[PDB]
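Novice: Pasting in a structure now, in structure tokens, and then I'll have a few things to ask.
Any read-out appearing in this document is the output of simple, stated calculations on the displayed coordinates, not a laboratory observation. All Cβ positions, even for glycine, are placed from backbone atoms using ideal geometry, and neighbour counts span all protein chains on display.
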Amino acid sequence: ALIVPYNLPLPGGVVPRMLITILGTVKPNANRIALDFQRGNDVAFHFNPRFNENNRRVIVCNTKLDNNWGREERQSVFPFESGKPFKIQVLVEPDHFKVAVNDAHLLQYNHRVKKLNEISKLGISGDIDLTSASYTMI
Ligand SMILES: [Cl-]
């Protein structure tokens, strides 16, 4: 019911102990989902489930600096399913983003962008029905 792409402001950026929660449902025959934690035009953390990359499902993570993608971090474990509801939780830790999906740890992504307090927007996009997006301090 939120419109996608959705922008969630992160006031004053992110900080360790901040938990972001995204609830939605994957569309039928989805191709992609993306979370973009942005520092201005840079993407500090791109989290991109791909449903059909050469007939495999993979999650691709990266950082975009001055309009240039860096070295991808790719992961075989793929917990999403077309058609099904999901919960993504992104926990900011002192040295990485920690991602859990449906209450199961998925991956960690080391901070490349180190001005965490300038990562002030989260863009949520792709082939989902988005139910809610929020954050809290744990
Ligand atoms: Cl930085």
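Novice: Name the one entry in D66, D103 that is away from the ligand (no atom under 16 Å from the Cβ), over 16 Å from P16 (Cβ atoms) and acidic (D, E).
Specialist: When all the criteria are applied, what remains is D103.
Novice: May I pose another question? Considering each residue of region 95-112, count those that are touching a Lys or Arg at 6+ places or on another chain (Cβ under 9 Å) and more than 14 Å from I33 (Cα to Cα), and give that number.
Specialist: Counting residues in region 95-112 that are touching a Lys or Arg at 6+ places or on another chain (Cβ under 9 Å) and more than 14 Å from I33 (Cα to Cα) gives 8.
Novice: May I pose another question? When you check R50 against the structure, is it farther than 17 Å from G13 by Cα, crowded, with 17+ Cβ neighbours inside 10 Å and either more than 16 Å from the ligand (Cβ to nearest atom) or touching a residue at least 60 places away in the same chain (Cβ under 8 Å) (or both), yes or no?
Specialist: yes
Novice: Among all residue pairs at least 6 apart or on different chains, which show Cβ distances below 9 Å where the first residue, located in region 25-47, is within 16 Å of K98 (Cα to Cα) and of a type in the set (S, T, Y) and the second is assigned to a strand (DSSP E or B) and more than 16 Å from the ligand (Cβ to nearest atom)?
Specialist: Hits for this filter: zero, empty list.
Novice: Ok, one more. Can you tell me which condition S134 does not meet? The list is (1) surrounded by 13 or more Cβ atoms within 10 Å (Cβ to Cβ); (2) away from the ligand (no atom under 16 Å from the Cβ); (3) of a type in the set (S, T, Y), and all the others hold.
Specialist: Among (1) surrounded by 13 or more Cβ atoms within 10 Å (Cβ to Cβ); (2) away from the ligand (no atom under 16 Å from the Cβ); (3) of a type in the set (S, T, Y), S134 violates only (1).
Novice: Pull out all pairs, ordered by first then second residue, where Cβ-Cβ is under 7 Å, the residues are six or more apart or on different chains, the first lies in region 95-121 and is in a loop (DSSP other than H, G, I, E, B), and the second is more than 16 Å from the ligand (Cβ to nearest atom) and not aromatic (F, W, Y).
Specialist: So the pair list comes out as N102/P79; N102/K87; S120/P9; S120/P11.
Novice: While we're looking at this one, here's another question. Could you say whether any residue in region 25-41 is surrounded by fewer than 21 Cβ atoms within 10 Å (Cβ to Cβ), more than 15 Å from the ligand (Cβ to nearest atom) and on the phi > 0 side of the Ramachandran plot?
Specialist: yes
Novice: If I ask for residues that are more than 13 Å from the chain's Cα centre (by Cα) and either of a type in the set (S, T, N, Q) or within 16 Å of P16 (Cβ to Cβ) (or both), which ones from region 82-95 would you list?
Specialist: Those that are more than 13 Å from the chain's Cα centre (by Cα) and either of a type in the set (S, T, N, Q) or within 16 Å of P16 (Cβ to Cβ) (or both): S82, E93, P94, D95.
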